[PDB]
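Chains, contacts and geometry: an overview
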Amino acid sequence: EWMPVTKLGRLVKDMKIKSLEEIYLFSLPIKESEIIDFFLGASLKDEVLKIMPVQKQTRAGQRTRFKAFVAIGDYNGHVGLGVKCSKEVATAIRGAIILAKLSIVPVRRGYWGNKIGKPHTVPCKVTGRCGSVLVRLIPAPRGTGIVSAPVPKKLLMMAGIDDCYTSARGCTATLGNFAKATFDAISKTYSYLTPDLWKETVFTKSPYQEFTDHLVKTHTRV
Amino acid sequence: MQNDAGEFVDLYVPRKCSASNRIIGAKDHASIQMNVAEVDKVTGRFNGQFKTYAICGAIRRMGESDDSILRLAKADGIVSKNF
Amino acid sequence: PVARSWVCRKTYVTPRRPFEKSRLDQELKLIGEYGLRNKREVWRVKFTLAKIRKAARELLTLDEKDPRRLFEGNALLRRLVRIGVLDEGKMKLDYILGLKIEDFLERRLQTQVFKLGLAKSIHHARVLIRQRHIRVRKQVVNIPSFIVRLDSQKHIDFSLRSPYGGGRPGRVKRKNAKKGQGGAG
Amino acid sequence: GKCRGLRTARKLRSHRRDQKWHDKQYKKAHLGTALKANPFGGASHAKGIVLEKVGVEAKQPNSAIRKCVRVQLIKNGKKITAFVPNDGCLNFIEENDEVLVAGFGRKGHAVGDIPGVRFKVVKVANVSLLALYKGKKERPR
RNA sequence: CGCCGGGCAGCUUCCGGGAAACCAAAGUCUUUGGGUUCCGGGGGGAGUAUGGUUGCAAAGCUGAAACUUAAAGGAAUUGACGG
RNA sequence: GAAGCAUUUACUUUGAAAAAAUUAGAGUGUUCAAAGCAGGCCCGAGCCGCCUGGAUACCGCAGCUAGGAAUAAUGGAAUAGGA
RNA sequence: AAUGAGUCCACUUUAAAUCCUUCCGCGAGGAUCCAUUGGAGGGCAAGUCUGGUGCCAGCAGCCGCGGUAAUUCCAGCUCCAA
Ligand SMILES: [Mg+2]
Ligand SMILES: [Mg+2]
Ligand SMILES: [Mg+2]
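Residues numbered from 1 in each chain as written, not as in the entry; some residues may be left out. Chains lettered and ligands numbered in written order. Part of a larger assembly, values for the part shown. Heavy atoms only, no water.

For this deposition, the record names cryo-EM as the technique by which the model was determined and cites 2.9 Å as its resolution.

As annotated in the PDB entry, chain D carries the name 40S ribosomal protein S23 and is attributed to Homo sapiens. Within the Protein Data Bank, this record goes by the title "EDF1-ribosome complex". Regarding chain D, the UniProt comment filed under Sequence similarities reads as follows: "Belongs to the universal ribosomal protein uS12 family." (UniProt positions renumbered as here; feature names shortened; annotations may be inferred.)

The name recorded for chain C in the PDB entry is 40S ribosomal protein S9, from Homo sapiens. According to its UniProt record, chain C has this under Subunit (literature references left out): "Component of the small ribosomal subunit. Identified in a IGF2BP1-dependent mRNP granule complex containing untranslated mRNAs. Part of the small subunit (SSU) processome, composed of more than 70 proteins and the RNA chaperone small nucleolar RNA (snoRNA) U3." Under the Sequence similarities heading, UniProt states for chain C: "Belongs to the universal ribosomal protein uS4 family."

Here is the structure:
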């Protein structure tokens, strides 16, 4: 049973803030995965991209640990990608799933042209870097599908992006870097500034001051 | 956002920095949002209202958050205009 | 030196990666659920759709009110409407870009014969066509990949010579009846 | 950096072909030394006559005797060494037979642990070697 | 004690970059175009053979191919070893 | 309207001319299709036959033509041998 | 129950034929009227099943497999791809 120790977890558990988008809006750090499976429960799917057997050398031979790459997300605009290393595989997969939940991010979608229905593709061309890997996402028309290698295909399908031309560069056989670069481009969708976002922002109350009376009565400490 | 029929197709509308006018992203944990209290003209007591400024993490890492907040406070009639 | 034509083309394209698990599963679902013979028929249908989509994309890049865009867009939309894969309300190239091969596979003669109640069990609908029991309006067709137009849709029927329309029962029933009446009075 | 001027097409093109001579594949295809050196002369197969049956020791760390034949080609009568692939297929080939010889897979490069052998036997005298191995046909005796 | 210009450098910095070591240039690069010269294309064979050319010579410049090979390398990490 | 352009070019847009076939593409149920260039409609029968097609695009550079004139090059009065 | 693939009378086709097309008569129950090429360690879909061999014979484009319990050779069985 979830007993939260965070102001954000206390507000989430008591149904004071709903719809994770304002947690994103005020850009707060999420430090409990229970928030993420509270809001996005029964829609998150997770899959293991890779288990790699990492090693370090000792005088009594090698010490072999296992690193797990888990990509998570509902298919409607959120992904995270977590990575954890452990002495045994099942622990690594569990920890990678928790870390993937914690690092979840919203995906901006746009139109290739003639903005008719639901948004289906990336809103512009974005590029993520990790190590030597450079992944470039390019807007594609409807019904194109995702034209990619299998790993960014998995990540982009979990993002809810239906149609995307891609391009890569570098040592893409370094699947950790290549997954991280795809995740980087996906997050800089909302990092990007577009003329329809030029309108001046209006500042609403942060959740920490909107429910400060609830937080002083119920969270600390009783 | 704003497909041709007219409705808004966006998860949310992110904040923009009040100094550099850049998007404050969902994983920018160096970016603050600070309210500055107002006082009434006659006795200087807090009257329950405030003005809000958001600074992105890049400005707040340059060291220019101080001067930016001071200029925004000049522009909004906070303290001096002649300081 | 000769009065031949030599003009021909392939009607399909193989996938780039063999042994992709998801692609293999999807086209096996299409084969089993529509009663096809091999992967080549799936590939032929998706090649047809890809060529249509290429034409539609190239027209969409052009300027509106360009005479070529108007002429070829109207012709393409009229063609897709007359074969029934696109509705009359959706008369723009964006809806052309929204099509899927499950829309084209539904318009085959085999699918129509099964869905008209004229034969159960789509595999029985294939062998019924290939044995010359079925006719579009008056023409006997044994081609499971015949693409049925909207106008020639109400006229799918058993042929007048098969032993499901008119008479003349087949050689098996005739043989059994004649050996029965040779064995009896 | 490179020159970007509007009237620099001659410099760009001349530099590109002068630098195209610096990759292995373009030079191999376009110099003619490789075409003259290889015994097939640009052909994909060749016919020859078996001179003797040899066994080549496999490269380390593998250890075996790879059964080959010494073949002298009918045209341009160079002498090559061709592999005889399968478990017993050397016993089909008798001395002074007339074989067909194909490449061995890597476009004039040695393959596997077999040192210096670039060719394999297909169709010892005209019955094919696969049909002989599988029992489909037999030597024309 | 300061200011300006041109120099040889130094410290510091989440400017940004880079595989990293590091670099205020090695930045302003998939958000890729200021001008221009020279030059690389897996490791060897080999800066060898041959022709030419310069030199008194020693040698310099220009410069292959056959053949061979599945790695050779860079930067960091953990150990082991260090007269 | 006869004549000429107060520079001449590049550039750009237009118009003529760039074989057919092939390619793109319109029409047409070869029984479907690859193809082909065909076909379609009434006969209660004089019907001593009617309708319709065999499009269109593209065709680098060089050459020809008519508008624009920003960009880029270029030219006119300095021993005035100037208008 | 249904049908061709064949066998085959006739028409049609054609300069004369043939083939297709049309149509008599025969023509399916292991419907024996018999689907094949490559594979099953990874890349790359599919077995640590069994017998044999024992750094041999062989496989292997490349990493590699084989020295008496071979997921890789030679076979049987069962699977995979077109
Ligand atoms: Mg430069
Ligand atoms: Mg080299
Ligand atoms: Mg086997």
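Our next topic: the sheet that holds strand β8 (residues 164–169) of chain A. Residue and element names in this part refer to chain A. Taken in spatial order, the four strands of this open sheet run β5-β6-β8-β7, and their pairing is mixed. Looking at which strands have only one partner, the edges of the open sheet turn out to be β5 (126–130) and β7 (146–147). Sheet contacts for helix α6 (residues 175–191): β5, β6 (133–139) and β8; angle to β5, the most-contacted strand, approximately 140 degrees. (Pairing = 2+ DSSP bridges. Helix = DSSP H or I, 4+ residues; strand = E, 2+ residues; numbered from the N terminus. Contact = heavy atoms within 4.5 Å. Axes fitted to C-alpha atoms, helices over the stretch in contact; angles between N-to-C directions.)

Looking now at the sheet that holds strand β2 (residues 139–140) of chain C. The strands that make up a sheet pair up through hydrogen bonds in the backbone, lying either parallel or antiparallel. All names here are of chain C. Strand order in the open sheet formed by three strands is β2-β1-β3, with antiparallel pairing between adjacent strands. Both outer strands of the open sheet, β2 and β3 (157–158), are each paired with one neighbouring strand and no more. Here two bridges tie strand β1 (residues 134–136) to β2, and the two strands are oriented antiparallel to one another. Across the sheet, residue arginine 135 finds its bridge partner in β2, namely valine 140.

Of all two pairs of chains that touch, the greatest number of contacts is found between chains A and B. The two units chain B and chain C remain apart, with a minimum C-alpha distance of 13 Å. Contact between chain B and chain D is absent, and the least distance between their C-alpha atoms amounts to 33 Å.

Of the residues lining the interface, eight residues belong to chain C; the matching set on chain A comes to nine residues. In total, about 670 Å² of surface goes out of reach between chain C and chain A, with carbon and sulfur atoms giving 55% of it. It is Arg53(C), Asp94(C) and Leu97(C) that lose the most area in chain C upon contact with chain A, and together they represent 49% of the buried surface on that side. In this assembly, chain C and chain A are joined by zero salt bridges. Our count for the chain C to chain A interface comes out at one residue pair in polar contact. Element by element, the count of residues in the side of chain C that touches chain A is highest for helix α2 (residues 39–61) of chain C, at four residues. When grouped by side-chain class, the residues that make up the side of chain C that touches chain A number three nonpolar, one polar and four charged. (Buried area = accessible area lost by both parts, 1.4 Å probe. Salt bridge = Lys/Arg side-chain N within 4 Å of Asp/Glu carboxyl O. Polar contact = N/O pair within 3.5 Å; in protein donor to acceptor, adjacent residues only side chain to side chain. Nonpolar A, V, L, I, M, F, W, Y, C, P; charged D, E, K, R; others polar.)

Chain B puts 26 residues into the contact, and the matching count from chain A is 36 residues. Between chain B and chain A lies a buried interface of about 2700 Å² when both sides are counted; carbon and sulfur atoms form 56% of it. Of all residues in chain B, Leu11(B), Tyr12(B) and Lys16(B) give up the largest surface area on contact with chain A, accounting jointly for 25% of the area buried on that side. At the junction of chain B with chain A, the criterion picks out zero salt bridges. Viewed at the interface, chain A and chain B are joined by 13 residue pairs in polar contact. Listed by contribution, the elements that provide at least two residues to the side of chain B that touches chain A are β1 (32–39) and β2 (46–55) of chain B.

Turning to the protein's contact with RNA strand G, a few remarks are in order. Around RNA strand G sit 36 residues in total, of which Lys39(C), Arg132(C), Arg161(C), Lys67(D) and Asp87(D) are the nearest. Protein-proximal atoms of RNA strand G, defined as those within 4 Å of the protein, fall in sugar or phosphate at a share of 62%. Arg171(C) is positioned such that a nitrogen or oxygen atom in its side chain is 3.0 Å from a base nitrogen of RNA strand G. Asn62(D) is positioned with one of its side-chain polar atoms (N or O) 2.7 Å from a base oxygen of RNA strand G. Among the elements that make up the surface near RNA strand G, the one with the highest residue count is helix α8 (residues 171–183) of chain C (six residues). Of the residues contributing to the surface near RNA strand G, the split by class is 14 nonpolar, eight polar and 14 charged. (Near = heavy atom within 4 Å.)

Bringing the pairing of strand β3 (residues 79–83) of chain D into the picture now. All names here are of chain D. Counting buried positions over the five residues of β3 gives four, a clear majority of the element. Where strand β2 (residues 65–73) lies against β3, five bridges are found, and the strand directions are antiparallel. Along β3, the bridge assignment pairs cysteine 68 with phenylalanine 83. Counting the residues in the hairpin turn of β2 and β3 gives five residues, including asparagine 76, whose phi is positive at 40 degrees. (Buried < 20%, exposed > 50% of the residue type's maximum accessible area, 1.4 Å probe, protein only.)

Summary: where empty space remains is shown by rolling a probe the size of a single water molecule over the atoms. Residues and elements named next belong to chain B. Tallied over the entire structure, the rule returns one cavity of 30 Å³ or more. Counted as a void, the largest cavity has a volume near 40 Å³. As for the largest cavity, its lining consists of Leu70, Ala73, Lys74, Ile78, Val79, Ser80, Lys81 and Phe83. Among the residues forming the lining of the largest cavity, the class breakdown is five nonpolar, one polar and two charged. (1 Å grid on protein atoms, 1.4 Å probe; cavity = no way out; pocket = protein on both sides within 12 Å on 5 of 7 lines; lining within 4 Å. Points joined across faces, edges and corners; volume = space filled by probe spheres on them.)

With that settled, consider the pattern of salt bridges. Side chains that differ in sign of charge can pair as their charged atoms come close. Taken as a whole, this structure holds 18 salt bridges over all chains when the rule is applied. Across the pair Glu38(B) and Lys51(B) runs a salt bridge, and its minimum N-O distance is 3.6 Å. Of this pair, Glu38(B) sits in strand β1 while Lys51(B) sits in strand β2, placing them 13 residues apart in sequence. For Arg66(D), the salt bridge identified is with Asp113(D), shortest N-O distance 3.0 Å. Of this pair, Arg66(D) sits in strand β2 while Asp113(D) sits in the loop between β4 (98–103) and β5 (119–122), and the two are 47 residues apart along the sequence. When its relative accessible area of 23% is taken as the criterion, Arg66(D) is described as partly exposed. A cluster of three or more residues bridged by salt bridges with shared partners is formed by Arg37(C), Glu41(C), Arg44(C) and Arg126(C).

On to the packing of α2(C) against helix α3 (residues 67–82) of chain C. Residues and elements named next belong to chain C. In contact at an axis separation of 10 Å, α2 and α3 are set at 150 degrees when each is read in the N-to-C sense. Classed by the angle they form, the pair α2 and α3 counts as roughly antiparallel. Read as a crossing pair, α2 and α3 show a hand that is left-handed. Contact with α2, carried on its side by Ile52, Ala55, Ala56, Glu58, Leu59 and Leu60, involves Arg68, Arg69, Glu72, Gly73, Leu76 and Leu80 of α3 and no other residues of that element. Partitioning the contact of α2 with α3 into residue classes produces seven nonpolar, one polar and four charged. (Parallel < 35°, antiparallel > 145°, perpendicular 65-115°, else oblique. Left-handed = near helix turned anticlockwise from the far one by under 90°.)

What follows deals with the packing of aromatic side chains. Tallied over the entire structure, the rule returns seven aromatic pairs over all chains. Arranged with centres 5.0 Å apart and planes meeting at 75 degrees, the rings of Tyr190(A) and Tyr12(B) form a pair that is edge-to-face. Taken together, the positions of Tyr190(A) in helix α6 and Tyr12(B) in the segment before β1 put the pair across two chains. The exposure class assigned to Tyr12(B) is buried, which follows from its relative accessible area of 7%. In this structure an aromatic cluster arises from ring pairing among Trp2(A), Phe38(A) and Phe39(A). (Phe/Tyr/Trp six-rings, centres within 6.5 Å; stacked < 30°, edge-to-face > 60°.)

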